[PDB]
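*Asks:* Before we start, here is the structure in question, set down as structure tokens.
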Number of protein chains: 4
Amino acid sequence: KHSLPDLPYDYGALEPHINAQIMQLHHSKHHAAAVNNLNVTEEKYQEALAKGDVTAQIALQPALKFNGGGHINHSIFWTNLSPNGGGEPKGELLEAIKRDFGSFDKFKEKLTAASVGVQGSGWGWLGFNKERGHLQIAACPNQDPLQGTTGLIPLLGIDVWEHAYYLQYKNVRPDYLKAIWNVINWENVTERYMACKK
Amino acid sequence: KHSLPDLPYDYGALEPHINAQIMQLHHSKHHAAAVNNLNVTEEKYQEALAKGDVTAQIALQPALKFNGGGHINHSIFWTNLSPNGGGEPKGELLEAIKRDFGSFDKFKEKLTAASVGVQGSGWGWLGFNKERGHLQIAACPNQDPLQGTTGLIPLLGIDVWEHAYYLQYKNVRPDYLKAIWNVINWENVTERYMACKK
Amino acid sequence: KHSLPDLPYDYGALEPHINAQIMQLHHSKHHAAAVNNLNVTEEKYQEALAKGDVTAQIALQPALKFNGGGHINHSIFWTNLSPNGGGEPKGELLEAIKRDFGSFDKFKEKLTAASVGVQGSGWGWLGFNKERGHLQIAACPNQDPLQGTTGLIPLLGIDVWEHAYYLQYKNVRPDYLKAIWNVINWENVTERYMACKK
Amino acid sequence: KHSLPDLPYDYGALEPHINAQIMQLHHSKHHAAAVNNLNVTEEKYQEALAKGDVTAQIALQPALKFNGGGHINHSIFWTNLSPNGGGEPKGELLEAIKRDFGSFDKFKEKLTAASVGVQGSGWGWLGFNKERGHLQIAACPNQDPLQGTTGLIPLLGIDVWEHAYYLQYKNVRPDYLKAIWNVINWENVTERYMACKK
Ligand SMILES: [Mn+2]
Ligand SMILES: [Mn+2]
Ligand SMILES: [Mn+2]
Ligand SMILES: [Mn+2]
């Protein structure tokens with residue numbers, strides 16, 4: 001049974017970049033609903049599968065991807081942020097960034113471009129392509145999860161759904177992006193990056 | 001050259017169902033940006049077309065549909081609302097509603113279901129199917145316009161993008177839907193409906 | 001554990017409308033492959049679900065919809081055809097056709113249009129809308145099944161993937177569509193329709 | 001005003017890898033039809049744009065992408081093949097292949113996999129990423145063109161729509177893929193690649 005993970009920090013630990021109201025609603029309501037909805041959908045799929053009901057299985061895909069993706073994306077997102085985040089990585093991750101995007105600053109501009117470029121709801125991602133053995137930026141619509149839909153391993157995700165910033169920044173997503181860089185938990189992004197080595 | 005249409009009423013004319021802050025941002029920022037962006041995209045398409053650059057034409061489709069759809073959807077949305085709206089239609093529109101959905105109340109439940117059911121950004125619509133000669137409910141993702149993508153003629157649209165309600169109702173879209181019924185401008189929906197007769 | 005259903009007739013029974021070579025390849029290769037692939041994908045989804053691996057479940061969705069839909073669609077298709085078929089349906093089904101589409105010929109033109117209009121691979125369908133209690137025509141891309149993706153109950157399906165007609169009709173899909181009316185098993189379509197009333 | 005390009009060789013010049021019947025139908029029917037359809041759709045878009053009819057412009061998008069992409073993709077495809085082709089590329093292109101994919105054989109396996117993996121109609125492509133300055137393999141659905149929908153520059157394309165191989169290879173697409181390597185015009189792929197450096 002899937003469960004809602006506790007936030008790694010208090011709801012106001014990211015102020016003033018992302019206000020506590022946002023953090024509380026985003027976690028206790030948005031992520032919470034996805035988890036309960038996911039459990040309900042998985043239950044239905046096990047029944048449809050046991051009866052070999054392919055039509056039911058197909059009809060349940062949108063709900064499974066949306067609530068499942070919602071759980072996957074937010075679980076990673078929380079760890080991607082930290083009160084002591086910000087600045088830039090150091091070591092292998094940093095070297096990969098410069099290698100694949102030219103410079104950290106260039107990388108920031110590219111991931112920002114992908115995030116701001118999302119038309120409708122979605123996420124901007126910095127991922128790792130195991131096949132190519134390099135970093136790659138990608139954008140996903142709605143709650144479609146990065147690995148489940150592209151195969152790329154998620155390192156850093158930026159939620160550009162309006163509920164992730166509208167209460168504080170309104171229609172100006174670029175202001176939201178500019179601010180979030182101040183809280184990126186590079187220690188966690190680095191750990192996720194190294195996990196792809198082994 | 002496309003232009004931003006004036007709101008048929010003041011920004012606070014729909015209180016308390018949709019607060020004035022929402023109305024001002026939604027109109028002066030969201031709809032406004034779409035119009036200017038549309039004009040810019042149309043300019044680019046005329047050039048690509050003149051040079052017979054099919055690749056450019058294809059690359060510009062997402063922007064044309066999104067900003068074009070944005071202009072189309074919001075232009076209709078404003079007229080779909082009114083300070084003196086609410087209640088239910090009377091005459092042919094009402095008879096069609098009962099005929100195709102059983103009862104006005106049933107119709108309200110169905111269009112609400114379609115609107116609340118949107119995963120991600122989108123719109124709920126009550127449209128007219130000229131081919132079948134009857135009413136039909138449909139949901140569209142992001143800014144995809146109803147007639148341009150489904151052929152159905154738009155009668156009543158419900159914006160379920162989070163920017164349309166988050167500041168007032170937060171994550172609870174159902175509360176937003178319940179409230180919007182109080183401001184539906186049935187006079188305009190009826191006019192749009194009759195225009196399909198001729 | 002899904003199995004390939006025996007065809008209701010001999011591979012050359014639909015001659016000369018759909019030749020024996022196509023019938024044999026379509027059943028023994030295309031449909032058979034979807035069946036084998038479906039059993040494999042379902043087994044993997046069983047493992048994913050039991051492990052609570054949401055990423056794997058999501059990654060399996062395209063294969064499940066593609067191969068499962070393949071099994072669903074062709075199973076119905078075989079029963080929708082007959083060597084002693086053709087002509088027109090009678091009783092209630094025919095009444096509905098005239099009611100919902102105007103006449104039998106208008107219905108044919110509409111289903112043909114939807115079928116010839118498919119860009120890429122897909123299917124044309126005559127389905128029943130349980131919510132609206134009336135007939136409805138629809139087109140589905142690739143192997144996306146009617147009920148699983150639209151909620152509509154399938155009554156008559158027309159496979160417009162190129163393997164359904166190329167060997168005999170080459171690029172002229174309209175010729176295939178004209179010929180298939182000669183083998184439509186209205187007895188079966190009627191059963192599916194009446195099974196909707198109950 | 002777009003025109004159908006003459007084939008660079010005789011219809012039976014690619015025998016026995018791709019037979020003459022397929023080559024003739026593919027060029028004179030499939031590609032020719034896309035050209036005619038494209039000119040028609042572009043003319044309608046010219047009228048829509050001049051009128052400021054955003055709904056019509058949006059409604060024309062599927063036809064424009066489908067027929068325009070058809071023109072783009074096949075035009076490149078013809079030049080990607082040759083009767084005296086086959087073997088392997090040399091110089092820089094070959095260097096990049098080993099660099100980006102490991103070896104020529106690994107590249108072949110990867111392009112083949114992407115091509116055989118297309119569910120429904122589509123294309124497998126070897127393209128150049130100008131942003132990352134490296135080779136990249138990608139698959140496109142139906143006639144969606146590489147550059148117009150992915151920004152990648154097309155170097156080598158493989159049509160996996162069933163009309164590209166069914167008459168000769170029937171359902172065994174892998175056999176088609178194996179055979180096509182014998183007629184790849186590496187001279188042309190090289191030109192497209194070098195044209196990316198400048
Ligand atoms: Mn979120
Ligand atoms: Mn809006
Ligand atoms: Mn088939
Ligand atoms: Mn082709």
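Chain labels A, B, ... are given in the sequence in which chains occur in the structure tokens; within each chain residues are numbered consecutively from 1, and ligands are likewise numbered from 1 in the order shown.
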Would you name the residues within 8 Å of ligand 2, counting only C-alpha atoms and all ligand atoms, and put them as a list in words?

*Replies:* residues 26, 30, 31, 70, 73, 74, 159, 160, 161, 163 and 164 of chain B

*Asks:* Mind writing the picked residues with N, CA, C and O atoms as a compact mmCIF listing (two decimals), in the first residue's frame?

*Replies:*
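This went into part_11.txt:
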# COMPACT_ATOMS: atom_id res chain seq x y z
N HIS B 26 -6.87 36.97 -14.99
CA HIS B 26 -7.31 36.09 -16.07
C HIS B 26 -7.51 36.82 -17.39
O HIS B 26 -7.18 36.31 -18.45
N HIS B 30 -3.63 36.69 -18.71
CA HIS B 30 -3.73 35.43 -19.45
C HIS B 30 -4.29 35.59 -20.85
O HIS B 30 -3.66 35.19 -21.83
N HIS B 31 -5.48 36.18 -20.98
CA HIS B 31 -6.05 36.36 -22.30
C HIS B 31 -5.18 37.36 -23.08
O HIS B 31 -4.89 37.14 -24.25
N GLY B 70 -6.25 29.86 -27.01
CA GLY B 70 -6.39 30.69 -25.83
C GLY B 70 -7.27 31.89 -26.11
O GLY B 70 -8.11 32.25 -25.29
N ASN B 73 -10.99 30.50 -26.82
CA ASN B 73 -11.67 30.04 -25.62
C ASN B 73 -12.06 31.14 -24.64
O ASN B 73 -13.17 31.16 -24.14
N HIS B 74 -11.14 32.06 -24.38
CA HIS B 74 -11.44 33.12 -23.43
C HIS B 74 -12.45 34.12 -23.96
O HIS B 74 -13.29 34.62 -23.20
N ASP B 159 -13.65 26.92 -17.98
CA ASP B 159 -12.21 26.90 -17.86
C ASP B 159 -11.81 26.20 -16.56
O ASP B 159 -12.16 26.67 -15.47
N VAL B 160 -11.13 25.07 -16.65
CA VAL B 160 -10.72 24.38 -15.44
C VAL B 160 -9.23 24.46 -15.22
O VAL B 160 -8.67 23.68 -14.45
N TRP B 161 -8.59 25.39 -15.92
CA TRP B 161 -7.17 25.61 -15.72
C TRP B 161 -7.13 26.10 -14.28
O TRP B 161 -8.06 26.76 -13.83
N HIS B 163 -5.48 28.47 -12.96
CA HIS B 163 -5.46 29.93 -12.84
C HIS B 163 -6.86 30.51 -12.83
O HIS B 163 -7.06 31.66 -12.47
N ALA B 164 -7.84 29.69 -13.22
CA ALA B 164 -9.22 30.14 -13.25
C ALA B 164 -9.90 30.04 -11.89
O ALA B 164 -10.99 30.55 -11.73

*Asks:* Residues within 12 Å of ligand 3 should be enumerated using only C-alpha atoms and all ligand atoms and returned as a ChimeraX atom specification.

*Replies:* /C:22-34,66-67,69-78,121-124,141-144,157-166 /D:120,162,171

*Asks:* With only C-alpha atoms as the counted atoms, please give the residues lying no more than 8 Å from residue B:183, apart from itself and same-chain residues fewer than 2 positions off, as a list in words.

*Replies:* residues 14, 17, 81, 82, 83, 84, 85, 86, 179, 180, 181 and 185 of chain B

*Asks:* Keeping only C-alpha atoms, write the selected residues as a JSON list (two decimals), in the first residue's frame.

*Replies:*
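Result file follows (result31.json):
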[["chain", "number", "residue", "atom", "x", "y", "z"],
["B", 14, "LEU", "CA", -19.05, 38.20, -10.56],
["B", 17, "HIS", "CA", -18.53, 33.36, -7.10],
["B", 81, "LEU", "CA", -20.66, 34.71, -17.80],
["B", 82, "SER", "CA", -22.77, 37.57, -16.48],
["B", 83, "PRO", "CA", -23.52, 39.40, -13.21],
["B", 84, "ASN", "CA", -27.19, 38.63, -13.78],
["B", 85, "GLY", "CA", -26.56, 35.05, -14.88],
["B", 86, "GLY", "CA", -27.49, 31.89, -13.03],
["B", 179, "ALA", "CA", -20.17, 28.36, -7.73],
["B", 180, "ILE", "CA", -19.78, 29.15, -11.43],
["B", 181, "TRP", "CA", -23.32, 27.92, -12.16],
["B", 185, "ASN", "CA", -25.09, 33.85, -18.78]]

*Asks:* Determine which residues of chain A sit within 8 Å of chain D, taking into account only C-alpha atoms, and present them as a VMD selection string.

*Replies:* chain A and resid 100 to 101 132

*Asks:* Mind checking DSSP for stretch 94-198 of chain B and telling me the strand (DSSP E) residues as JSON, numbers by chain?

*Replies:* {"B": [122, 123, 124, 125, 126, 127, 128, 129, 134, 135, 136, 137, 138, 139, 140, 141, 153, 154, 155, 156, 157, 158, 159]}

*Asks:* May I have all residues of stretch 11-180 of chain D that DSSP, computed from the backbone, assigns to helix (DSSP H, G or I), given as a PyMOL selection string?

*Replies:* chain D and resi 20-51+54-79+91-101+104-116+146-150+162-164+166-169+173-180

*Asks:* Atom CA of residue A:175 and atom CA of residue A:128, how far apart in Å?

*Replies:*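 Separation of atom CA of residue A:128 and atom CA of residue A:175: 26.6 Å.
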
*Asks:* Name the residues in contact with stretch 60-63 of chain D at a cut-off of 12 Å, using only C-alpha atoms, excluding same-chain residues fewer than 4 positions from it; report them as a short mmCIF file (atom, residue, chain, number, x, y, z; two decimals) with C-alpha atoms, in the first residue's frame.

*Replies:*
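What follows is the written file selection.cif:
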data_model
loop_
_atom_site.label_atom_id
_atom_site.label_comp_id
_atom_site.auth_asym_id
_atom_site.auth_seq_id
_atom_site.Cartn_x
_atom_site.Cartn_y
_atom_site.Cartn_z
CA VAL B 54 6.56 23.17 -44.48
CA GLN B 57 4.74 25.64 -40.61
CA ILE B 58 4.70 22.36 -38.67
CA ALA B 59 7.03 23.66 -35.95
CA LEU B 60 4.68 26.60 -35.39
CA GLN B 61 1.51 24.52 -34.89
CA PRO B 62 1.79 24.09 -31.08
CA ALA B 63 2.12 27.86 -30.60
CA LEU B 64 -0.70 28.62 -33.02
CA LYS B 65 -3.10 26.16 -31.41
CA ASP B 144 -7.30 23.25 -27.68
CA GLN B 147 -14.71 23.77 -32.91
CA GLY B 148 -11.19 23.71 -34.33
CA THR B 149 -10.47 20.29 -32.85
CA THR B 150 -13.86 18.53 -32.61
CA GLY B 151 -16.10 20.40 -35.03
CA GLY C 117 -10.29 9.52 -42.83
CA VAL C 118 -7.98 7.65 -40.48
CA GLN C 119 -4.49 9.12 -40.99
CA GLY C 120 -2.04 6.35 -40.19
CA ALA D 34 0.77 13.85 -50.09
CA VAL D 35 2.05 16.51 -52.51
CA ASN D 36 -1.37 17.18 -54.04
CA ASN D 37 -3.00 17.21 -50.61
CA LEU D 38 -0.33 19.57 -49.25
CA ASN D 39 -0.85 22.17 -52.00
CA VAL D 40 -4.58 22.06 -51.29
CA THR D 41 -4.19 22.40 -47.54
CA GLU D 42 -1.66 25.25 -47.87
CA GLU D 43 -3.98 27.18 -50.15
CA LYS D 44 -6.77 26.84 -47.59
CA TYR D 45 -4.47 27.96 -44.80
CA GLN D 46 -3.57 31.02 -46.87
CA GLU D 47 -7.25 31.95 -47.03
CA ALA D 48 -7.78 31.26 -43.33
CA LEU D 49 -4.79 33.37 -42.30
CA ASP D 53 -9.93 32.67 -39.04
CA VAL D 54 -8.08 30.99 -36.17
CA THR D 55 -10.60 28.15 -35.92
CA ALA D 56 -10.04 27.17 -39.56
CA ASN D 67 0.48 15.70 -45.87
CA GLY D 68 3.32 18.15 -45.40
CA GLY D 69 5.21 15.67 -43.27
CA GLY D 70 4.50 13.11 -45.95
CA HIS D 71 6.17 15.34 -48.53
CA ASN D 142 2.58 8.54 -38.80
CA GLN D 143 4.02 11.30 -41.03
CA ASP D 144 5.16 13.65 -38.25
#

*Asks:* So what do you get for atom CA of residue B:135 versus atom CA of residue B:177, distance-wise?

*Replies:* 20.3 Å
